[PDB]
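Colleague: File name coords_13.pdb; file contents PDB, C-alpha atoms (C1' of nucleotides); full text below.
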ATOM      1  CA  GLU A 210     -11.960 -72.084  35.563  1.00  0.00           C
ATOM      2  CA  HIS A 211     -14.914 -70.788  33.458  1.00  0.00           C
ATOM      3  CA  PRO A 212     -13.857 -67.203  34.160  1.00  0.00           C
ATOM      4  CA  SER A 213     -10.035 -67.325  34.344  1.00  0.00           C
ATOM      5  CA  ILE A 214      -8.348 -65.624  37.328  1.00  0.00           C
ATOM      6  CA  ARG A 215      -4.941 -65.699  35.585  1.00  0.00           C
ATOM      7  CA  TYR A 216      -5.353 -63.341  32.604  1.00  0.00           C
ATOM      8  CA  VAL A 217      -5.631 -59.502  32.534  1.00  0.00           C
ATOM      9  CA  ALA A 218      -7.683 -58.118  29.626  1.00  0.00           C
ATOM     10  CA  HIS A 219      -6.665 -55.184  27.417  1.00  0.00           C
ATOM     11  CA  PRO A 220      -9.860 -54.759  25.345  1.00  0.00           C
ATOM     12  CA  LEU A 221     -10.147 -52.589  22.245  1.00  0.00           C
ATOM     13  CA  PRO A 222     -10.697 -48.914  23.195  1.00  0.00           C
ATOM     14  CA  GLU A 223     -13.553 -47.713  20.970  1.00  0.00           C
ATOM     15  CA  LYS A 224     -12.387 -44.558  19.155  1.00  0.00           C
ATOM     16  CA  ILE A 225     -15.275 -42.097  18.722  1.00  0.00           C
ATOM     17  CA  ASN A 226     -15.654 -40.711  15.183  1.00  0.00           C
ATOM     18  CA  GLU A 227     -14.624 -37.077  15.733  1.00  0.00           C
ATOM     19  CA  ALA A 228     -16.129 -34.811  13.051  1.00  0.00           C
ATOM     20  CA  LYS A 229     -13.288 -32.993  11.252  1.00  0.00           C
ATOM     21  CA  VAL A 230     -14.471 -29.392  11.533  1.00  0.00           C
ATOM     22  CA  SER A 231     -11.948 -27.715   9.206  1.00  0.00           C
ATOM     23  CA  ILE A 232     -10.550 -24.833  11.244  1.00  0.00           C
ATOM     24  CA  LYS A 233     -11.430 -21.249  10.306  1.00  0.00           C
ATOM     25  CA  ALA A 234      -7.929 -20.053   9.496  1.00  0.00           C
ATOM     26  CA  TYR A 235      -8.018 -16.311  10.111  1.00  0.00           C
ATOM     27  CA  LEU A 236      -5.847 -13.601   8.612  1.00  0.00           C
ATOM     28  CA  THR A 237      -3.848 -10.798  10.200  1.00  0.00           C
ATOM     29  CA  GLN A 238      -5.092  -7.384   9.196  1.00  0.00           C
ATOM     30  CA  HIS A 239      -1.826  -6.897   7.313  1.00  0.00           C
ATOM     31  CA  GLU A 240      -2.253 -10.169   5.433  1.00  0.00           C
ATOM     32  CA  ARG A 241      -5.790  -9.190   4.454  1.00  0.00           C
ATOM     33  CA  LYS A 242      -4.561  -5.815   3.226  1.00  0.00           C
ATOM     34  CA  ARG A 243      -1.846  -7.492   1.169  1.00  0.00           C
ATOM     35  CA  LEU A 244      -4.403  -9.836  -0.374  1.00  0.00           C
ATOM     36  CA  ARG A 245      -6.643  -6.898  -1.244  1.00  0.00           C
ATOM     37  CA  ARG A 246      -3.693  -5.013  -2.720  1.00  0.00           C
ATOM     38  CA  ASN A 247      -2.559  -7.945  -4.830  1.00  0.00           C
ATOM     39  CA  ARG A 248      -5.856  -9.183  -6.255  1.00  0.00           C
ATOM     40  CA  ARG A 249      -6.966  -5.634  -7.018  1.00  0.00           C
ATOM     41  CA  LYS A 250      -3.582  -4.874  -8.581  1.00  0.00           C
ATOM     42  CA  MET A 251      -3.871  -7.963 -10.767  1.00  0.00           C
ATOM     43  CA  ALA A 252      -7.360  -6.918 -11.847  1.00  0.00           C
ATOM     44  CA  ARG A 253      -6.094  -3.444 -12.712  1.00  0.00           C
ATOM     45  CA  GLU A 254      -3.260  -4.934 -14.756  1.00  0.00           C
ATOM     46  CA  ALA A 255      -5.720  -7.147 -16.622  1.00  0.00           C
ATOM     47  CA  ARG A 256      -7.915  -4.141 -17.367  1.00  0.00           C
ATOM     48  CA  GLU A 257      -4.909  -2.203 -18.655  1.00  0.00           C
ATOM     49  CA  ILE A 258      -3.885  -5.069 -20.912  1.00  0.00           C
ATOM     50  CA  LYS A 259      -7.486  -5.668 -21.985  1.00  0.00           C
ATOM     51  CA  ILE A 260      -7.842  -1.885 -22.579  1.00  0.00           C
ATOM     52  CA  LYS A 261      -4.421  -1.323 -24.258  1.00  0.00           C
TER
ATOM     53  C1'   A B   1      57.601  44.677 -20.562  1.00  0.00           C
ATOM     54  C1'   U B   2      55.488  40.585 -24.227  1.00  0.00           C
ATOM     55  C1'   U B   3      52.216  36.434 -23.791  1.00  0.00           C
ATOM     56  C1'   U B   4      48.208  31.128 -22.610  1.00  0.00           C
ATOM     57  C1'   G B   5      43.729  30.893 -20.449  1.00  0.00           C
ATOM     58  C1'   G B   6      39.632  32.500 -27.023  1.00  0.00           C
ATOM     59  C1'   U B   7      39.318  25.902 -31.658  1.00  0.00           C
ATOM     60  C1'   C B   8      31.370  26.115 -32.802  1.00  0.00           C
ATOM     61  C1'   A B   9      29.543  21.199 -33.072  1.00  0.00           C
ATOM     62  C1'   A B  10      27.099  18.127 -37.304  1.00  0.00           C
ATOM     63  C1'   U B  11      27.455  16.673 -42.614  1.00  0.00           C
ATOM     64  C1'   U B  12      30.128  16.199 -47.414  1.00  0.00           C
ATOM     65  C1'   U B  13      35.943  15.808 -47.676  1.00  0.00           C
ATOM     66  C1'   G B  14      40.144  13.864 -50.306  1.00  0.00           C
ATOM     67  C1'   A B  15      38.288  23.027 -47.788  1.00  0.00           C
ATOM     68  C1'   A B  16      33.284  23.285 -48.829  1.00  0.00           C
ATOM     69  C1'   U B  17      28.194  23.032 -46.730  1.00  0.00           C
ATOM     70  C1'   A B  18      26.214  23.935 -42.929  1.00  0.00           C
ATOM     71  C1'   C B  19      25.664  28.385 -38.500  1.00  0.00           C
ATOM     72  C1'   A B  20      24.474  26.600 -32.399  1.00  0.00           C
ATOM     73  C1'   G B  21      21.411  22.073 -33.273  1.00  0.00           C
ATOM     74  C1'   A B  22      15.939  20.674 -33.396  1.00  0.00           C
ATOM     75  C1'   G B  23       8.140  19.495 -29.407  1.00  0.00           C
ATOM     76  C1'   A B  24       5.663  23.520 -26.546  1.00  0.00           C
ATOM     77  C1'   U B  25       1.996  25.411 -23.586  1.00  0.00           C
ATOM     78  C1'   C B  26      -3.233  24.921 -21.040  1.00  0.00           C
ATOM     79  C1'   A B  27      -6.732  21.120 -19.269  1.00  0.00           C
ATOM     80  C1'   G B  28      -9.408  16.425 -17.862  1.00  0.00           C
ATOM     81  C1'   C B  29     -10.013  11.570 -15.924  1.00  0.00           C
ATOM     82  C1'   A B  30      -8.573   7.107 -13.768  1.00  0.00           C
ATOM     83  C1'   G B  31      -5.404   4.764 -10.588  1.00  0.00           C
ATOM     84  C1'   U B  32      -2.043   4.359  -5.491  1.00  0.00           C
ATOM     85  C1'   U B  33      -2.733   4.923   0.045  1.00  0.00           C
ATOM     86  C1'   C B  34      -5.529   6.426   4.259  1.00  0.00           C
ATOM     87  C1'   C B  35     -10.287   8.388   6.269  1.00  0.00           C
ATOM     88  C1'   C B  36     -15.583   9.311   6.547  1.00  0.00           C
ATOM     89  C1'   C B  37     -20.459   8.327   5.055  1.00  0.00           C
ATOM     90  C1'   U B  38     -23.958   5.269   2.406  1.00  0.00           C
ATOM     91  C1'   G B  39     -26.303   0.290   0.125  1.00  0.00           C
ATOM     92  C1'   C B  40     -25.430  -4.910  -0.570  1.00  0.00           C
ATOM     93  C1'   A B  41     -23.020  -9.582   0.387  1.00  0.00           C
ATOM     94  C1'   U B  42     -20.369 -12.792   3.471  1.00  0.00           C
ATOM     95  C1'   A B  43     -19.401 -14.656   8.304  1.00  0.00           C
ATOM     96  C1'   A B  44     -20.197 -14.324  13.176  1.00  0.00           C
ATOM     97  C1'   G B  45     -23.033 -12.044  17.259  1.00  0.00           C
ATOM     98  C1'   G B  46     -26.891  -9.966  19.336  1.00  0.00           C
ATOM     99  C1'   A B  47     -32.101  -7.432  19.988  1.00  0.00           C
ATOM    100  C1'   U B  48     -37.114  -7.901  18.774  1.00  0.00           C
ATOM    101  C1'   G B  49     -41.802  -8.789  16.524  1.00  0.00           C
ATOM    102  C1'   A B  50     -45.911 -11.202  15.088  1.00  0.00           C
ATOM    103  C1'   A B  51     -53.816 -15.131  16.400  1.00  0.00           C
ATOM    104  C1'   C B  52     -54.023 -20.439  17.981  1.00  0.00           C
ATOM    105  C1'   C B  53     -54.729 -24.968  18.459  1.00  0.00           C
ATOM    106  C1'   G B  54     -51.523 -28.525  16.347  1.00  0.00           C
ATOM    107  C1'   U B  55     -48.998 -33.741  14.974  1.00  0.00           C
ATOM    108  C1'   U B  56     -49.453 -39.780  15.428  1.00  0.00           C
TER
END
Can you give me the file's structure in the form of structure tokens?
Modeller:
Amino acid sequence: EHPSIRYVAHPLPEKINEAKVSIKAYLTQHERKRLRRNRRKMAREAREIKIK
RNA sequence: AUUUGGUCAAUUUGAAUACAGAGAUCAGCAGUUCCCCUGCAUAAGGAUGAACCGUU
């Protein structure tokens, strides 16, 4: 009686606090190139405007 | 045997003015892409050095 034979326990499964390591999203070479092209282009444009 | 291939435009007109029709040439530098070298940063990843003992 003091420990019941009848019941089956389903105790709370303790979830471990997994540290969210934000994933290093990489770039394709092409993507990188595009980025380089665009930022640089923008800079150039700015220079032109700020020199014209 | 004859003849067409033959109308300057433009402007001022209500034929005159025009007269063929209105930038060139030489030279820098930067950017764009790709490559190579060099220095720095960023990540990652090595390799290695340095006397001598440490911490409740």
Colleague: To one decimal place in Å, what is the distance between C1' of residue 34 (chain B) and CA of residue 242 (chain A)?
Modeller: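 Computing the Euclidean distance for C1' of residue 34 (chain B) and CA of residue 242 (chain A) yields 12.3 Å.
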Colleague: Given the PyMOL selection byres ((chain A) within 10 of (chain B)) and the file above, list the residues it selects as a ChimeraX atom specification.
Modeller: /A:246,250,253
Colleague: Region 219-230 of chain A, all listed atoms, 5 Å padding on each side: what axis-aligned box centre and edge lengths in Å to one decimal come out, as AutoDock Vina command-line options?
Modeller:
--center_x -11.4 --center_y -42.3 --center_z 19.3 --size_x 19.5 --size_y 35.8 --size_z 26.2
Colleague: Neighbouring residues of residue 8 (chain B) were defined as those with any atom within 12 Å, considering all atoms listed in the file; residues of the same chain fewer than 3 positions away were excluded. Please report them as a PyMOL selection string.
Modeller: chain B and resi 18-21
Colleague: Save the residues we just selected, C-alpha atoms (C1' of nucleotides), as a PDB file, in the coordinates of the input?
Modeller:
ATOM      1  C1'   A B  18      26.214  23.935 -42.929  1.00  0.00           C
ATOM      2  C1'   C B  19      25.664  28.385 -38.500  1.00  0.00           C
ATOM      3  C1'   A B  20      24.474  26.600 -32.399  1.00  0.00           C
ATOM      4  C1'   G B  21      21.411  22.073 -33.273  1.00  0.00           C
TER       5        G B  21
END
Colleague: Work out how far CA of residue 249 (chain A) is from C1' of residue 40 (chain B), in Å to one decimal.
Modeller: 19.6 Å
Colleague: Would you work out the distance separating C1' of residue 33 (chain B) from CA of residue 259 (chain A), expressed in Å to one decimal?
Modeller: 24.9 Å
Colleague: Find the residues around region 234-236 of chain A up to 12 Å (only C-alpha atoms (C1' of nucleotides) counted), leave out those fewer than 5 positions away in its own chain, and share them as a list in words.
Modeller: residues 241, 242, 243, 244 and 245 of chain A; 43 of chain B
